[PDB]
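Form deposited in one PDB entry, single chain, as structure tokens, below.
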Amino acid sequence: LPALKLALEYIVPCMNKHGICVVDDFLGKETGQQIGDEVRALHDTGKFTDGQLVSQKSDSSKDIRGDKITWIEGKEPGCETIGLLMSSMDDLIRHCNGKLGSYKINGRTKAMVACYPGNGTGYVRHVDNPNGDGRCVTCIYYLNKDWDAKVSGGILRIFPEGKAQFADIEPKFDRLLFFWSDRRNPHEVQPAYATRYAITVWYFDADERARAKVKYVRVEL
């Protein structure tokens, strides 16, 4: 669908009502699988980190490591389709501007490409932006074809604030996810027993980001 119809008829109302929004089949099989090929290419050539240190053993060779990451601008060689994903995200947000809460989005981070190795590691419950660092919207794109959470785990579990319930989101291929980055959406990644790829971008509210600068940019006189 065109960025605008999806943004105006589905994403905006869904975010303002629930603070979470799931869009399936965002780019199609062709583009999605190309992005998967680029991400897997980055992983195979060692562009990722060794992984988040989960359990630090007194013996170093026993240290267990979890999610691996790499920051992608989208202009790198062999990342053109990732850059196209980021451009499409940016189009959606552009068409949403002024309608997502009271936020005026004026920037974003680079793309955090994450790979859970499938060694039973996940990601602890957390809030993305708990201290007003300027990020208002989390946007995640998943790449895992034929994912069976009953078999592979890796579910994203969100605990919407005030609501006695949690929302389970499987990291499905060609799935796009939006949710408020602040304390409204604490969330965790449940242990993944299969390789789990995702691409996250965070969008900045102009006012919050502007006053985060003093919350921490100097000029010699």
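So that the term is clear: the rigid core is the largest set of C-alpha atoms that superpose within 1.5 Å between two forms. Quick note: we count residues from 1 along the sequence shown, nothing fancier.
We do not show the form deposited in another entry, though everything after this point is about it.
- Residue 33 shows a C-alpha shift below 2 Å between the shown form and the other one [criterion: core-superposed Cα displacement of 2 Å].
- The two forms, fitted on the rigid core, differ between the shown form and the other one by less than 2 Å at the CA of residue 44.
- Superposition of the core reveals a Cα shift of less than 2 Å for residue 184 between the shown form and the other one.
- A change of 3 Å or more separates the two forms for residue 51 and residue 128: their C-alpha atoms lie closer together in that other deposited form.
- In that other deposited form, the CA atoms of residue 58 and residue 119 move farther apart by at least 3 angstroms compared with the shown structure.
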